[PDB]
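Structure first, commentary second.
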Amino acid sequence: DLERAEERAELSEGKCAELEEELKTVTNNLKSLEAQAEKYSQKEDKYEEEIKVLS
Amino acid sequence: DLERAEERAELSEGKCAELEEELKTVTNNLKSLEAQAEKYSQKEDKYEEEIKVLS
Amino acid sequence: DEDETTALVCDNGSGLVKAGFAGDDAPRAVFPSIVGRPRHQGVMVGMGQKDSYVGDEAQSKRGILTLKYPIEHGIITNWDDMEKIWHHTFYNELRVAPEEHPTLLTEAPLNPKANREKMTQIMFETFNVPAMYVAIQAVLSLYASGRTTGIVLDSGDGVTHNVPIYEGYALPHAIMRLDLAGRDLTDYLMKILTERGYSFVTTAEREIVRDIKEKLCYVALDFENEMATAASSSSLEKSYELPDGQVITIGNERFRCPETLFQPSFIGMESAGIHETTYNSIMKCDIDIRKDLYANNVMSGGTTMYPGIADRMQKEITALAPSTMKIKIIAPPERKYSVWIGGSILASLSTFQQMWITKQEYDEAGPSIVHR
Amino acid sequence: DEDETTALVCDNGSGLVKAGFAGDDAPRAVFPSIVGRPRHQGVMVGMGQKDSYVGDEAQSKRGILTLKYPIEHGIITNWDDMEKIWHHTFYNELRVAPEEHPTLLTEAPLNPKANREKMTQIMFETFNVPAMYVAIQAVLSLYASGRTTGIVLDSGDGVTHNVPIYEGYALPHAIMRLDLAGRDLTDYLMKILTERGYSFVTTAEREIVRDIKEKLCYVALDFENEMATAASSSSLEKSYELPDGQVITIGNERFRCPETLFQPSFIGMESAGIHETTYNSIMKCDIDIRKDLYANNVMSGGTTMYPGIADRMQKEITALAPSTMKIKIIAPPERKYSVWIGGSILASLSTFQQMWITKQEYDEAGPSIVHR
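Chains as they are written, first to last, in the authors' numbering: chain A, 168 to 222; chain B, 168 to 222; chain I, 1 to 372; chain K, 1 to 372.
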């Protein structure tokens with residue numbers, strides 16, 4: 168019943184690690200996209216105000 | 168060594184599930200922020216071209 | 001606080017310097033390890049004549065300077081140009097005065113005795129730091145992953161290493177060095193991508209092949225039936241948009257680049273690859289310590305960040321190791337700074353104070369003192 | 001209770017120490033008889049500099065220390081290192097303070113008069129025990145099997161002995177010592193197993209050959225037509241799984257190792273073997289006592305534990321002894337601790353109190369007192 172319990176444990180630990188890893192990568196890709204989005208929104212509002220004033 | 172292998176298996180399966188759940192939530196928050204970012208970038212480029220042309 | 005705040009950690013690499021204060025979670029300063037020397041006389045508007053350039057100003061202005069790398073393969077090769085990178089680190093990057101900060105530095109795996117004495121000579125005699133300490137890089141990486149025995153596969157910009165460590169002592173005779181790393185890897189992608197029918201013609205095309213390698217490259221497990229997959233042409237492909245519109249597509253080569261780390265034969269290298277080398281290090285160590293090393297393969301370095309590197313290595317050494325063995329490949333997320341973080345921990349530690357080499361030790365014992 | 005609880009029994013061996021409280025059924029403490037001295041300066045994490053290591057910490061850390069064995073062939077050869085093993089036994093292993101516990105110690109068969117006086121000098125003058133007593137090892141083994149006359153074949157890690165005992169007095173002129181024991185026996189298996197086409201290369205391969213010897217080795221009766229049996233290749237073979245998967249098979253050699261105890265010629269020894277030596281001891285004794293010794297061959301010691309040792313010895317001496325004689329080979333199950341158990345019994349006994357050498361006897365008579 169053991170080689171079975173240990174094999175299931177190892178496969179679920181492997182799965183666990185793969186998912187935990189896929190996550191540091193998606194949550195990190197994030198701080199990057201959310202920061203890029205805010206940076207662009209602020210560049211947008213600035214140029215929207217400058218177009219009003221040149222118009 | 169068993170009650171130990173099974174107990175470690177159960178705790179790692181629990182951990183695995185918690186992390187897999189936290190993820191559907193962060194990858195989903197994402198398609199949303201990335202889509203908002205692209206939508207704003209396109210509003211930005213449009214107004215940047217219109218400010219160029221009024222200037 | 002005197003030095004709790006005050007300890008500096010400088011990790012000198014072949015491609016990047018990582019620097020900051022012991023205590024922080026990540027390097028305050030990261031920048032290229034170059035020193036540019038202007039090919040012509042002249043000035044930028046508003047500045048004076050500059051004899052030299054370091055880090056990013058050397059990279060940005062590379063067209064008018066002759067660029068030089070002080071650290072070849074992890075070892076300091078030019079000491080005039082290294083003292084220049086240190087100067088830049090303290091005074092411009094961290095903006096600290098060095099003469100009131102203890103400095104933890106790092107060196108490479110089989111760093112020549114004479115070098116560890118020379119950078120001590122320059123730290124104490126030209127920068128006048130209060131105290132300093134040189135840690136071995138793999139050893140800080142291991143320790144930053146909590147443990148004290150394990151084997152580190154360390155891979156950055158100019159070198160790859162395997163450093164088996166037992167209760168803190170790195171094992172000299174079992175260490176392996178493979179001179180193929182992220183630098184070699186960007187240049188190989190370059191060719192398989194021009195070979196895909198492309199041109200990285202201007203310098204704004206060159207530089208970004210490296211950003212393609214970092215963002216889109218993969219280490220597939222079963223690299224065999226991944227090429228096979230490439231052919232059926234799934235939605236495996238991946239297009240990157242260049243500085244301009246010029247949408248370049250990379251489907252397949254995406255993983256042909258890190259398969260170079262397992263097959264050096266992709267690049268005319270006759271040396272063995274990462275996984276075999278992990279293993280050979282291990283069958284060069286004492287017998288009784290080999291179960292420990294196998295369950296503690298810690299990975300560190302920028303080039304070990306390719307996703308699925310750990311799964312490929314997992315299966316690469318399981319299938320070479322005796323089945324009675326437990327394999328375990330630890331690859332943390334912050335691994336591009338493991339080395340640095342291990343230094344930050346150690347140097348901010350409560351017990352490390354008694355290993356700092358002080359100017360008292362030095363002025364009294366000569367460079368020999370820190371050399372150990 | 002004062003000392004009913006309080007008597008200690010320490011059996012000092014060439015390979016192992018066995019220790020505990022008189023009264024118990026088995027030793028509370030069993031550990032190697034080594035004293036390790038670090039080859040280099042340095043520390044384990046969290047500990048201080050250690051000058052010395054004893055028992056299992058010396059074995060576990062053997063790669064950085066020079067290991068030394070205080071007892072060569074049952075006799076104490078280094079008294080600085082023995083006082084170290086005793087210190088460890090009292091203070092760390094049994095965690096008792098010695099100055100309030102009577103201590104029964106053991107010595108070897110023809111232990112030099114001067115040694116029995118020296119360990120008494122160290123017991124009373126550096127450990128300050130209330131009282132002590134030195135029993136001869138074969139004599140405690142016999143007694144633990146109930147009787148008082150018999151001949152003990154005693155075999156441990158560095159020595160084998162035959163000690164004919166009559167109404168308690170071990171017979172000096174009939175005692176035989178054969179310097180080939182379990183230590184010699186593990187190293188011979190080692191070679192017949194590498195010779196089977198193997199490699200005990202790392203220290204985790206070395207150590208376990210000894211665990212193969214203990215678990216799988218046999219003493220076959222009719223070792224002649226057991227080799228013959230090996231050849232027809234029956235299901236006589238036996239595979240052991242190593243620290244890892246590496247399933248090693250041992251069919252035959254399994255018994256070629258204890259056939260060394262009857263044939264010393266297997267190992268370039270010209271001495272006679274166990275059974276002949278049992279016998280020769282016996283035709284060196286008085287005539288009238290030889291029927292007694294023959295019906296009371298008591299076996300003790302780790303190396304006499306090989307299954308079928310008793311049957312081979314049974315038939316080995318029947319066929320050398322006059323047919324008018326009764327042969328009887330007693331081999332109890334607890335025999336790896338006979339010596340110790342015999343001491344536990346004796347020292348917890350109601351009548352032994354009047355043989356304890358007290359500090360009163362000593363401070364008044366000199367080491368001579370216990371020497372007898």
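Backbone N, C-alpha and C define an ideal beta-carbon position, used for all residues, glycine too.
Tell me whether the beta-carbon of residue 153 (chain I) lies closer than 8 Å to the beta-carbon of residue 278 (chain I).
-> yes
Contacts that residue 192 (chain B) makes with chain A (C-beta to C-beta distance below 8 Å) = Here the premise fails: no neighbours, minimum Cβ distance about 10 Å.
Neighbouring residues, chain A, relative to residue 182 (chain B) (Cβ below 8 Å) | 183
What is the rounded straight-line gap between the Cα of residue 162 (chain K) and the Cα of residue 294 (chain K)?
-> 13 Å
Assigned secondary structure, residue 154 (chain K) (DSSP; H/G/I helix, E/B strand, else coil) | strand
Rounded straight-line distance, which links the Cα of residue 186 (chain I) to that of residue 262 (chain I) = 16 Å
Three or more C-beta pairs closer than 8 Å, one from the segment 31-41 of chain I and one from the segment 53-61 of chain I: is that the case here?
-> yes
Residue environment, residue 84 (chain K), which counts as buried when at least 16 other CB atoms sit within 10 Å = buried
Could you work out which residue in I:309, I:331, I:273 and I:321 is closest to residue 298 (chain I) when comparing CA atoms only?
-> I:331
Secondary structure of residue 379 (chain K), DSSP reduced to three states | It is not possible to answer for residue 379 (chain K), since the shown part of chain K is limited to 1 through 372.
Using a Cβ cut-off of 8 Å (strictly closer), state whether residue 307 (chain I) contacts chain A.
-> yes
Residue closest to residue 269 (chain I), alpha-carbon to alpha-carbon, out of I:145, I:1 and I:184 | I:184
Which residue comes first and which comes last in the beta strand (DSSP E) that contains residue 12 (chain K)?
-> 8-12
Buried or exposed (CB count within 10 angstroms, at least 16 for buried), residue 19 (chain I) | buried
Tell me, please, whether the CB atom of residue 57 (chain K) is closer than 8 Å to any CB atom in chain I?
-> no
To which residues does DSSP link residue 38 (chain I) through a beta bridge?
-> I:65
Determine the direct distance from the alpha carbon of residue 24 (chain I) to that of residue 381 (chain I), and round the result to whole angstroms.
-> In the structure as shown, chain I starts at 1 and stops at 372, and residue 381 (chain I) therefore has no counterpart that could be examined.
So what does DSSP say about residue 177 (chain I), is it helix, strand or coil?
-> strand
For residue 196 (chain A), which of helix, strand or coil comes out of DSSP?
-> helix
Proximity of residue 70 (chain I) and residue 82 (chain I) at Cβ, strictly below 8 Å = yes
Tell me, please, which residues DSSP counts as bridged to residue 160 (chain K).
-> K:155 and K:178
Just checking, does the segment 248-267 of chain K make contact with the segment 335-354 of chain K on the three C-beta pairs under 8 Å criterion?
-> no
Looking at C-alpha atoms only, which residue of K:158, K:136 and K:65 is the closest neighbour of residue 13 (chain K)?
-> K:158
Residue range of the beta strand (DSSP E) that includes residue 17 (chain K) = 16-21
Going by C-alpha distance, which of K:315, K:41 and K:281 is nearest residue 178 (chain K)?
-> K:281
When the Cα of residue 372 (chain I) is compared with those of K:10, K:42, K:1 and K:211, which residue comes out closest?
-> K:42
Please go through the same chain and pick out, in chain order, the residues whose beta-carbon is closer than 6 Å to the beta-carbon of residue 148 (chain I), but skip the five residues on each side of it.
-> 167 and 168
Residue 195 (chain A) classed as buried or exposed, judged by whether at least 16 other C-beta atoms fall within 10 angstroms | exposed
Determine the DSSP secondary structure at residue 298 (chain K), reduced to helix, strand or coil.
-> strand
Which chain A residues are close to residue 109 (chain I), counting only those with a beta carbon under 9 Å from its beta carbon?
-> Ordered by position in chain A, no residue passes the 9 Å Cβ test against residue 109 (chain I), which lies about 27 Å from the chain.
Neighbourhood of residue 64 (chain K) by C-beta, 7 Å cutoff - its chain only, sequence neighbours within 5 removed | 38, 39 and 40
Just how far apart, CA to CA, sit residue 132 (chain K) and residue 300 (chain K)?
-> 24 Å
Whole-angstrom C-beta distance between residue 111 (chain K) and residue 165 (chain K), which should lie under 8 Å = About 15 Å; that fails the 8 Å criterion.
Contact set between residue 333 (chain I) and chain A, taken where Cβ atoms lie within less than 7 Å | 191
For residue 32 (chain I): DSSP bridge partner residues | I:16
If we cut at 8 Å on Cβ distances, does residue 136 (chain I) have a partner in chain K?
-> no
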